[PDB]
file input-v5.pdb (PDB, N, CA and C atoms)
ATOM      1  N   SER F 334     114.212  60.004  17.917
ATOM      2  CA  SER F 334     114.694  60.984  16.949
ATOM      3  C   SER F 334     115.711  61.933  17.568
ATOM      4  N   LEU F 335     116.757  62.235  16.809
ATOM      5  CA  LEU F 335     117.783  63.161  17.273
ATOM      6  C   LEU F 335     118.142  64.146  16.180
ATOM      7  N   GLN F 336     117.850  65.418  16.386
ATOM      8  CA  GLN F 336     118.301  66.349  15.374
ATOM      9  C   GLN F 336     119.432  67.211  15.891
ATOM     10  N   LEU F 337     119.972  68.015  14.987
ATOM     11  CA  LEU F 337     121.231  68.685  15.240
ATOM     12  C   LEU F 337     121.182  69.573  16.470
ATOM     13  N   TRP F 338     120.116  70.357  16.644
ATOM     14  CA  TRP F 338     120.123  71.274  17.792
ATOM     15  C   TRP F 338     120.219  70.505  19.103
ATOM     16  N   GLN F 339     119.540  69.362  19.166
ATOM     17  CA  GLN F 339     119.583  68.524  20.365
ATOM     18  C   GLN F 339     120.979  67.952  20.582
ATOM     19  N   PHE F 340     121.584  67.477  19.504
ATOM     20  CA  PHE F 340     122.938  66.958  19.565
ATOM     21  C   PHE F 340     123.909  68.011  20.112
ATOM     22  N   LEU F 341     123.796  69.235  19.606
ATOM     23  CA  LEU F 341     124.661  70.302  20.090
ATOM     24  C   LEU F 341     124.468  70.540  21.583
ATOM     25  N   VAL F 342     123.218  70.570  22.031
ATOM     26  CA  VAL F 342     122.947  70.728  23.452
ATOM     27  C   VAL F 342     123.542  69.587  24.294
ATOM     28  N   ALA F 343     123.453  68.351  23.802
ATOM     29  CA  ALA F 343     124.098  67.232  24.494
ATOM     30  C   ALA F 343     125.611  67.437  24.641
ATOM     31  N   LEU F 344     126.267  67.905  23.582
ATOM     32  CA  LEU F 344     127.705  68.190  23.651
ATOM     33  C   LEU F 344     127.993  69.349  24.602
ATOM     34  N   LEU F 345     127.179  70.393  24.516
ATOM     35  CA  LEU F 345     127.364  71.587  25.333
ATOM     36  C   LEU F 345     127.157  71.328  26.823
ATOM     37  N   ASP F 346     126.284  70.382  27.147
ATOM     38  CA  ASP F 346     125.980  70.111  28.544
ATOM     39  C   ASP F 346     127.194  69.561  29.291
ATOM     40  N   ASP F 347     128.083  68.884  28.568
ATOM     41  CA  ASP F 347     129.267  68.281  29.167
ATOM     42  C   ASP F 347     130.449  69.249  29.000
ATOM     43  N   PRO F 348     130.896  69.882  30.098
ATOM     44  CA  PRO F 348     131.946  70.897  29.924
ATOM     45  C   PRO F 348     133.295  70.304  29.522
ATOM     46  N   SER F 349     133.446  68.989  29.607
ATOM     47  CA  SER F 349     134.683  68.359  29.158
ATOM     48  C   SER F 349     134.826  68.407  27.633
ATOM     49  N   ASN F 350     133.793  68.891  26.946
ATOM     50  CA  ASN F 350     133.861  69.109  25.503
ATOM     51  C   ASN F 350     134.253  70.537  25.129
ATOM     52  N   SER F 351     134.615  71.342  26.127
ATOM     53  CA  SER F 351     134.832  72.778  25.933
ATOM     54  C   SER F 351     135.924  73.113  24.927
ATOM     55  N   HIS F 352     136.811  72.165  24.654
ATOM     56  CA  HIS F 352     137.898  72.414  23.712
ATOM     57  C   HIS F 352     137.430  72.350  22.257
ATOM     58  N   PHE F 353     136.191  71.919  22.020
ATOM     59  CA  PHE F 353     135.638  71.991  20.670
ATOM     60  C   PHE F 353     134.270  72.654  20.545
ATOM     61  N   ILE F 354     133.503  72.692  21.632
ATOM     62  CA  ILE F 354     132.222  73.390  21.627
ATOM     63  C   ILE F 354     131.882  73.794  23.057
ATOM     64  N   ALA F 355     131.432  75.032  23.251
ATOM     65  CA  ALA F 355     131.250  75.516  24.613
ATOM     66  C   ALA F 355     130.182  76.582  24.729
ATOM     67  N   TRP F 356     129.427  76.539  25.825
ATOM     68  CA  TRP F 356     128.596  77.674  26.216
ATOM     69  C   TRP F 356     129.572  78.788  26.559
ATOM     70  N   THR F 357     129.373  79.978  26.001
ATOM     71  CA  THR F 357     130.348  81.050  26.194
ATOM     72  C   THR F 357     130.215  81.714  27.561
ATOM     73  N   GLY F 358     129.055  81.567  28.187
ATOM     74  CA  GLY F 358     128.800  82.221  29.460
ATOM     75  C   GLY F 358     127.900  83.438  29.321
ATOM     76  N   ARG F 359     127.675  83.871  28.086
ATOM     77  CA  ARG F 359     126.743  84.957  27.809
ATOM     78  C   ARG F 359     125.369  84.384  27.471
ATOM     79  N   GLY F 360     124.542  84.187  28.495
ATOM     80  CA  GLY F 360     123.204  83.657  28.290
ATOM     81  C   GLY F 360     123.222  82.297  27.612
ATOM     82  N   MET F 361     122.539  82.199  26.474
ATOM     83  CA  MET F 361     122.439  80.947  25.726
ATOM     84  C   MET F 361     123.368  80.931  24.516
ATOM     85  N   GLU F 362     124.415  81.743  24.569
ATOM     86  CA  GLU F 362     125.382  81.820  23.483
ATOM     87  C   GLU F 362     126.358  80.645  23.547
ATOM     88  N   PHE F 363     126.705  80.092  22.387
ATOM     89  CA  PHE F 363     127.680  79.009  22.315
ATOM     90  C   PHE F 363     128.599  79.228  21.131
ATOM     91  N   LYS F 364     129.788  78.645  21.217
ATOM     92  CA  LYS F 364     130.790  78.785  20.166
ATOM     93  C   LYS F 364     131.265  77.421  19.701
ATOM     94  N   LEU F 365     131.380  77.277  18.387
ATOM     95  CA  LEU F 365     131.984  76.095  17.804
ATOM     96  C   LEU F 365     133.467  76.395  17.723
ATOM     97  N   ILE F 366     134.197  75.939  18.730
ATOM     98  CA  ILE F 366     135.621  76.198  18.827
ATOM     99  C   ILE F 366     136.388  75.423  17.764
ATOM    100  N   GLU F 367     135.959  74.191  17.501
ATOM    101  CA  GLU F 367     136.521  73.395  16.417
ATOM    102  C   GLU F 367     135.387  72.882  15.545
ATOM    103  N   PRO F 368     134.970  73.693  14.562
ATOM    104  CA  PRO F 368     133.793  73.350  13.759
ATOM    105  C   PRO F 368     133.880  71.987  13.084
ATOM    106  N   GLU F 369     135.039  71.618  12.550
ATOM    107  CA  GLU F 369     135.132  70.323  11.892
ATOM    108  C   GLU F 369     135.083  69.159  12.882
ATOM    109  N   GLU F 370     135.509  69.386  14.124
ATOM    110  CA  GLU F 370     135.386  68.338  15.134
ATOM    111  C   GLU F 370     133.930  68.129  15.561
ATOM    112  N   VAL F 371     133.190  69.227  15.707
ATOM    113  CA  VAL F 371     131.754  69.119  15.958
ATOM    114  C   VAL F 371     131.104  68.319  14.821
ATOM    115  N   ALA F 372     131.482  68.636  13.585
ATOM    116  CA  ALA F 372     130.934  67.928  12.437
ATOM    117  C   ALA F 372     131.333  66.457  12.427
ATOM    118  N   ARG F 373     132.582  66.171  12.772
ATOM    119  CA  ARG F 373     133.026  64.785  12.829
ATOM    120  C   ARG F 373     132.186  63.982  13.819
ATOM    121  N   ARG F 374     131.929  64.562  14.985
ATOM    122  CA  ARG F 374     131.129  63.871  15.987
ATOM    123  C   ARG F 374     129.673  63.691  15.560
ATOM    124  N   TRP F 375     129.122  64.677  14.857
ATOM    125  CA  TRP F 375     127.764  64.560  14.330
ATOM    126  C   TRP F 375     127.706  63.417  13.314
ATOM    127  N   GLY F 376     128.748  63.299  12.496
ATOM    128  CA  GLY F 376     128.839  62.223  11.521
ATOM    129  C   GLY F 376     128.896  60.855  12.175
ATOM    130  N   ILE F 377     129.639  60.747  13.270
ATOM    131  CA  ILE F 377     129.670  59.496  14.016
ATOM    132  C   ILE F 377     128.279  59.187  14.576
ATOM    133  N   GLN F 378     127.657  60.189  15.187
ATOM    134  CA  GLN F 378     126.326  60.020  15.744
ATOM    135  C   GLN F 378     125.304  59.517  14.724
ATOM    136  N   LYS F 379     125.367  60.041  13.500
ATOM    137  CA  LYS F 379     124.363  59.741  12.478
ATOM    138  C   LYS F 379     124.817  58.694  11.459
ATOM    139  N   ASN F 380     125.985  58.101  11.696
ATOM    140  CA  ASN F 380     126.586  57.171  10.743
ATOM    141  C   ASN F 380     126.649  57.777   9.348
ATOM    142  N   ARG F 381     127.185  58.990   9.288
ATOM    143  CA  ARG F 381     127.408  59.692   8.033
ATOM    144  C   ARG F 381     128.886  60.068   7.990
ATOM    145  N   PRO F 382     129.741  59.126   7.556
ATOM    146  CA  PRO F 382     131.186  59.356   7.640
ATOM    147  C   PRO F 382     131.675  60.514   6.773
ATOM    148  N   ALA F 383     130.895  60.934   5.782
ATOM    149  CA  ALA F 383     131.299  62.062   4.946
ATOM    150  C   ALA F 383     130.731  63.392   5.443
ATOM    151  N   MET F 384     130.248  63.416   6.683
ATOM    152  CA  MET F 384     129.804  64.656   7.296
ATOM    153  C   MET F 384     130.973  65.626   7.397
ATOM    154  N   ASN F 385     130.691  66.914   7.248
ATOM    155  CA  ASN F 385     131.700  67.943   7.448
ATOM    156  C   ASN F 385     131.001  69.221   7.872
ATOM    157  N   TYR F 386     131.765  70.257   8.188
ATOM    158  CA  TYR F 386     131.130  71.473   8.659
ATOM    159  C   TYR F 386     130.287  72.179   7.598
ATOM    160  N   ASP F 387     130.692  72.109   6.333
ATOM    161  CA  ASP F 387     129.905  72.726   5.284
ATOM    162  C   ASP F 387     128.478  72.185   5.344
ATOM    163  N   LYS F 388     128.365  70.865   5.441
ATOM    164  CA  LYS F 388     127.060  70.219   5.540
ATOM    165  C   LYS F 388     126.319  70.596   6.816
ATOM    166  N   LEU F 389     126.992  70.469   7.953
ATOM    167  CA  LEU F 389     126.376  70.783   9.236
ATOM    168  C   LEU F 389     125.887  72.232   9.269
ATOM    169  N   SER F 390     126.669  73.140   8.698
ATOM    170  CA  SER F 390     126.349  74.563   8.752
ATOM    171  C   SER F 390     125.018  74.906   8.086
ATOM    172  N   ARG F 391     124.584  74.104   7.115
ATOM    173  CA  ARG F 391     123.289  74.357   6.489
ATOM    174  C   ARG F 391     122.180  74.309   7.526
ATOM    175  N   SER F 392     122.284  73.372   8.465
ATOM    176  CA  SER F 392     121.272  73.251   9.507
ATOM    177  C   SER F 392     121.304  74.435  10.464
ATOM    178  N   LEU F 393     122.497  74.934  10.782
ATOM    179  CA  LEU F 393     122.586  76.134  11.610
ATOM    180  C   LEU F 393     121.852  77.295  10.944
ATOM    181  N   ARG F 394     122.045  77.479   9.635
ATOM    182  CA  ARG F 394     121.332  78.526   8.918
ATOM    183  C   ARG F 394     119.826  78.293   8.912
ATOM    184  N   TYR F 395     119.394  77.056   8.684
ATOM    185  CA  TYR F 395     117.962  76.773   8.758
ATOM    186  C   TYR F 395     117.395  77.147  10.134
ATOM    187  N   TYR F 396     118.132  76.833  11.195
ATOM    188  CA  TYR F 396     117.664  77.163  12.538
ATOM    189  C   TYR F 396     117.612  78.660  12.777
ATOM    190  N   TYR F 397     118.600  79.421  12.316
ATOM    191  CA  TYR F 397     118.463  80.844  12.579
ATOM    192  C   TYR F 397     117.444  81.518  11.673
ATOM    193  N   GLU F 398     117.267  81.014  10.457
ATOM    194  CA  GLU F 398     116.192  81.538   9.620
ATOM    195  C   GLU F 398     114.816  81.281  10.250
ATOM    196  N   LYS F 399     114.687  80.191  11.005
ATOM    197  CA  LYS F 399     113.434  79.862  11.682
ATOM    198  C   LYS F 399     113.322  80.483  13.067
ATOM    199  N   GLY F 400     114.370  81.158  13.521
ATOM    200  CA  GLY F 400     114.326  81.792  14.829
ATOM    201  C   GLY F 400     114.426  80.833  16.005
ATOM    202  N   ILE F 401     115.041  79.676  15.780
ATOM    203  CA  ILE F 401     115.352  78.738  16.847
ATOM    204  C   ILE F 401     116.731  79.081  17.408
ATOM    205  N   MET F 402     117.600  79.574  16.532
ATOM    206  CA  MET F 402     118.896  80.109  16.933
ATOM    207  C   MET F 402     119.009  81.507  16.376
ATOM    208  N   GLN F 403     119.986  82.251  16.874
ATOM    209  CA  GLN F 403     120.420  83.468  16.208
ATOM    210  C   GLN F 403     121.914  83.377  15.981
ATOM    211  N   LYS F 404     122.370  83.924  14.863
ATOM    212  CA  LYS F 404     123.793  84.004  14.601
ATOM    213  C   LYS F 404     124.285  85.294  15.233
ATOM    214  N   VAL F 405     125.392  85.218  15.959
ATOM    215  CA  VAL F 405     125.950  86.408  16.581
ATOM    216  C   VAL F 405     126.773  87.224  15.584
ATOM    217  N   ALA F 406     126.462  88.515  15.500
ATOM    218  CA  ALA F 406     127.072  89.404  14.514
ATOM    219  C   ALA F 406     128.569  89.594  14.733
ATOM    220  N   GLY F 407     129.325  89.586  13.638
ATOM    221  CA  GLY F 407     130.759  89.800  13.691
ATOM    222  C   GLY F 407     131.542  88.513  13.863
ATOM    223  N   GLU F 408     130.850  87.461  14.287
ATOM    224  CA  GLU F 408     131.480  86.170  14.537
ATOM    225  C   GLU F 408     131.233  85.199  13.391
ATOM    226  N   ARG F 409     132.081  84.182  13.295
ATOM    227  CA  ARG F 409     131.921  83.149  12.281
ATOM    228  C   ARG F 409     131.205  81.934  12.864
ATOM    229  N   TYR F 410     131.511  81.622  14.122
ATOM    230  CA  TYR F 410     131.098  80.351  14.712
ATOM    231  C   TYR F 410     130.390  80.494  16.058
ATOM    232  N   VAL F 411     129.783  81.652  16.288
ATOM    233  CA  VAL F 411     129.074  81.928  17.529
ATOM    234  C   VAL F 411     127.580  82.077  17.255
ATOM    235  N   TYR F 412     126.782  81.302  17.985
ATOM    236  CA  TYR F 412     125.340  81.287  17.820
ATOM    237  C   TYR F 412     124.706  81.355  19.191
ATOM    238  N   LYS F 413     123.403  81.589  19.235
ATOM    239  CA  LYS F 413     122.703  81.465  20.502
ATOM    240  C   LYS F 413     121.381  80.774  20.309
ATOM    241  N   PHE F 414     120.963  80.027  21.323
ATOM    242  CA  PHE F 414     119.612  79.508  21.331
ATOM    243  C   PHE F 414     118.651  80.623  21.682
ATOM    244  N   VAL F 415     117.529  80.641  20.983
ATOM    245  CA  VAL F 415     116.524  81.654  21.223
ATOM    246  C   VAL F 415     115.631  81.240  22.383
ATOM    247  N   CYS F 416     115.478  82.120  23.366
ATOM    248  CA  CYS F 416     114.541  81.861  24.454
ATOM    249  C   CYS F 416     113.298  82.714  24.280
ATOM    250  N   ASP F 417     112.350  82.208  23.501
ATOM    251  CA  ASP F 417     111.068  82.867  23.342
ATOM    252  C   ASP F 417     109.955  81.837  23.305
ATOM    253  N   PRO F 418     108.728  82.277  23.547
ATOM    254  CA  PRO F 418     107.641  81.300  23.653
ATOM    255  C   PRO F 418     107.505  80.416  22.415
ATOM    256  N   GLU F 419     107.680  81.005  21.239
ATOM    257  CA  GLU F 419     107.468  80.263  20.014
ATOM    258  C   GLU F 419     108.575  79.230  19.767
ATOM    259  N   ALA F 420     109.824  79.624  20.005
ATOM    260  CA  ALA F 420     110.942  78.699  19.850
ATOM    261  C   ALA F 420     110.835  77.545  20.845
ATOM    262  N   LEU F 421     110.355  77.827  22.052
ATOM    263  CA  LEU F 421     110.205  76.769  23.045
ATOM    264  C   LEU F 421     109.230  75.698  22.567
ATOM    265  N   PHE F 422     108.132  76.098  21.940
ATOM    266  CA  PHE F 422     107.216  75.106  21.383
ATOM    267  C   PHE F 422     107.917  74.202  20.352
ATOM    268  N   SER F 423     108.685  74.803  19.447
ATOM    269  CA  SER F 423     109.374  74.030  18.414
ATOM    270  C   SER F 423     110.366  73.056  19.022
ATOM    271  N   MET F 424     111.073  73.510  20.046
ATOM    272  CA  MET F 424     112.019  72.658  20.747
ATOM    273  C   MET F 424     111.349  71.574  21.591
ATOM    274  N   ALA F 425     110.157  71.861  22.112
ATOM    275  CA  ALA F 425     109.412  70.896  22.916
ATOM    276  C   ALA F 425     108.818  69.784  22.058
ATOM    277  N   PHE F 426     108.566  70.084  20.786
ATOM    278  CA  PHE F 426     107.863  69.160  19.896
ATOM    279  C   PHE F 426     108.582  68.960  18.576
ATOM    280  N   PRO F 427     109.778  68.373  18.631
ATOM    281  CA  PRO F 427     110.533  68.140  17.395
ATOM    282  C   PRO F 427     109.843  67.161  16.449
ATOM    283  N   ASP F 428     109.034  66.241  16.971
ATOM    284  CA  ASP F 428     108.515  65.142  16.157
ATOM    285  C   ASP F 428     107.007  65.164  15.893
ATOM    286  N   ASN F 429     106.279  66.055  16.561
ATOM    287  CA  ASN F 429     104.826  66.086  16.435
ATOM    288  C   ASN F 429     104.304  67.399  16.969
ATOM    289  N   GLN F 430     103.820  68.256  16.079
ATOM    290  CA  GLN F 430     103.309  69.549  16.519
ATOM    291  C   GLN F 430     101.786  69.636  16.546
ATOM    292  N   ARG F 431     101.155  68.466  16.548
ATOM    293  CA  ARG F 431      99.764  68.334  16.975
ATOM    294  C   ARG F 431      99.673  67.259  18.061
ATOM    295  N   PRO F 432     100.379  67.478  19.182
ATOM    296  CA  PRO F 432     100.590  66.464  20.220
ATOM    297  C   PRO F 432      99.363  66.128  21.062
ATOM    298  N   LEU F 433      98.325  66.953  21.005
ATOM    299  CA  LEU F 433      97.164  66.767  21.872
ATOM    300  C   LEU F 433      96.031  66.011  21.179
ATOM    301  N   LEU F 434      95.198  65.346  21.976
ATOM    302  CA  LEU F 434      94.080  64.568  21.449
ATOM    303  C   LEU F 434      93.078  65.452  20.709
TER     304      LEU F 434
END

call {"tool": "encode", "arguments": {"input": "input-v5.pdb", "output": "structure tokens"}}
result
Amino acid sequence: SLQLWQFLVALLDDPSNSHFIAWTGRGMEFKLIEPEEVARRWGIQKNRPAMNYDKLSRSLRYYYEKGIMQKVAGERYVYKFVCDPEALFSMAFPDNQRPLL
């Protein structure tokens, strides 16, 4: 399984992608430098050729409403991953949140 937050982290980990998505250097903050290019790549990844940023952005909002990300104030395309105990559990268990016997 691959969901959007993981996909973004995969792109962010490779600094050769910095011209369209980058860790800003402020903690866990990242910027979508070319939002439609990020969306295009997500569409390729998921075989959804009609993917676009409008669609992708819904997931960003779902993540910040759930406290997995935060939207940075004053910015359009700057977000941060949340580093807290509860968010770490959600990120550790994307597919099963009753993982123990």

call {"tool": "select_by_dssp", "arguments": {"input": "input-v5.pdb", "residues": "chain F", "states": "alpha helix (DSSP H)", "output": "PyMOL selection string"}}
result
chain F and resi 337-346+368-379+386-398+418-425

call {"tool": "atom_distance", "arguments": {"input": "input-v5.pdb", "atom1": "atom CA of residue 433 of chain F", "atom2": "atom C of residue 393 of chain F"}}
result
29.0 Å

call {"tool": "residues_around", "arguments": {"input": "input-v5.pdb", "residues": "residue 410 of chain F", "least_positions_apart": "6", "cutoff": "8 Å", "atoms": "only N, CA and C atoms", "output": "CSV table (one decimal) with N, CA and C atoms, keeping the file's coordinate frame"}}
result
chain,number,residue,atom,x,y,z
F,363,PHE,N,126.7,80.1,22.4
F,363,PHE,CA,127.7,79.0,22.3
F,363,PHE,C,128.6,79.2,21.1
F,364,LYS,N,129.8,78.6,21.2
F,364,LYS,CA,130.8,78.8,20.2
F,364,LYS,C,131.3,77.4,19.7
F,365,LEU,N,131.4,77.3,18.4
F,365,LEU,CA,132.0,76.1,17.8
F,365,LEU,C,133.5,76.4,17.7
F,366,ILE,N,134.2,75.9,18.7
F,366,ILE,CA,135.6,76.2,18.8
F,366,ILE,C,136.4,75.4,17.8
F,368,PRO,N,135.0,73.7,14.6
F,368,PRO,CA,133.8,73.4,13.8
F,368,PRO,C,133.9,72.0,13.1
F,404,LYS,N,122.4,83.9,14.9
F,404,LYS,CA,123.8,84.0,14.6
F,404,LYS,C,124.3,85.3,15.2

call {"tool": "closest_residue", "arguments": {"input": "input-v5.pdb", "among": "F:375, F:427, F:369, F:359", "to": "residue 340 of chain F", "atoms": "all atoms listed in the file"}}
result
F:375

call {"tool": "atom_distance", "arguments": {"input": "input-v5.pdb", "atom1": "atom CA of residue 379 of chain F", "atom2": "atom CA of residue 355 of chain F"}}
result
21.1 Å

call {"tool": "residues_around", "arguments": {"input": "input-v5.pdb", "residues": "residue 367 of chain F", "least_positions_apart": "5", "cutoff": "7 Å", "atoms": "all atoms listed in the file", "output": "PyMOL selection string"}}
result
chain F and resi 352-354+372

call {"tool": "atom_distance", "arguments": {"input": "input-v5.pdb", "atom1": "atom C of residue 411 of chain F", "atom2": "atom N of residue 350 of chain F"}}
result
17.5 Å

call {"tool": "closest_residue", "arguments": {"input": "input-v5.pdb", "among": "F:344, F:420, F:412, F:361", "to": "residue 378 of chain F", "atoms": "only C-alpha atoms"}}
result
F:344

call {"tool": "select_by_dssp", "arguments": {"input": "input-v5.pdb", "residues": "chain F", "states": "strand (DSSP E or B)", "output": "list in words"}}
result
residues 354, 355, 356, 362, 363, 364, 365, 402, 403, 404, 411, 412, 413 and 414 of chain F

call {"tool": "resolve_selection", "arguments": {"input": "input-v5.pdb", "expression": "the PyMOL selection byres ((chain F and resi 386) around 8)", "output": "tab-separated table (two decimals) with N, CA and C atoms, in the coordinates of the input"}}
result
chain	number	residue	atom	x	y	z
F	368	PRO	N	134.97	73.69	14.56
F	368	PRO	CA	133.79	73.35	13.76
F	368	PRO	C	133.88	71.99	13.08
F	369	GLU	N	135.04	71.62	12.55
F	369	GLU	CA	135.13	70.32	11.89
F	369	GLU	C	135.08	69.16	12.88
F	370	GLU	N	135.51	69.39	14.12
F	370	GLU	CA	135.39	68.34	15.13
F	370	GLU	C	133.93	68.13	15.56
F	371	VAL	N	133.19	69.23	15.71
F	371	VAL	CA	131.75	69.12	15.96
F	371	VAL	C	131.10	68.32	14.82
F	372	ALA	N	131.48	68.64	13.58
F	372	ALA	CA	130.93	67.93	12.44
F	372	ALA	C	131.33	66.46	12.43
F	373	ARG	N	132.58	66.17	12.77
F	373	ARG	CA	133.03	64.78	12.83
F	373	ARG	C	132.19	63.98	13.82
F	383	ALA	N	130.90	60.93	5.78
F	383	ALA	CA	131.30	62.06	4.95
F	383	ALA	C	130.73	63.39	5.44
F	384	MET	N	130.25	63.42	6.68
F	384	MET	CA	129.80	64.66	7.30
F	384	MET	C	130.97	65.63	7.40
F	385	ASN	N	130.69	66.91	7.25
F	385	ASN	CA	131.70	67.94	7.45
F	385	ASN	C	131.00	69.22	7.87
F	387	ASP	N	130.69	72.11	6.33
F	387	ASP	CA	129.90	72.73	5.28
F	387	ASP	C	128.48	72.18	5.34
F	388	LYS	N	128.36	70.86	5.44
F	388	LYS	CA	127.06	70.22	5.54
F	388	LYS	C	126.32	70.60	6.82
F	389	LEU	N	126.99	70.47	7.95
F	389	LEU	CA	126.38	70.78	9.24
F	389	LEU	C	125.89	72.23	9.27
F	390	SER	N	126.67	73.14	8.70
F	390	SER	CA	126.35	74.56	8.75
F	390	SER	C	125.02	74.91	8.09
F	391	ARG	N	124.58	74.10	7.12
F	391	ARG	CA	123.29	74.36	6.49
F	391	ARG	C	122.18	74.31	7.53

call {"tool": "residues_around", "arguments": {"input": "input-v5.pdb", "residues": "residue 414 of chain F", "least_positions_apart": "3", "cutoff": "7 Å", "atoms": "all atoms listed in the file", "output": "ChimeraX atom specification"}}
result
/F:361-363,401-403,417

call {"tool": "axis_aligned_box", "arguments": {"input": "input-v5.pdb", "around": "segment 337-340 of chain F", "padding_each_side": "8 Å", "output": "lines of an AutoDock Vina configuration file"}}
result
center_x = 121.7
center_y = 69.1
center_z = 17.8
size_x = 20.4
size_y = 20.3
size_z = 21.6
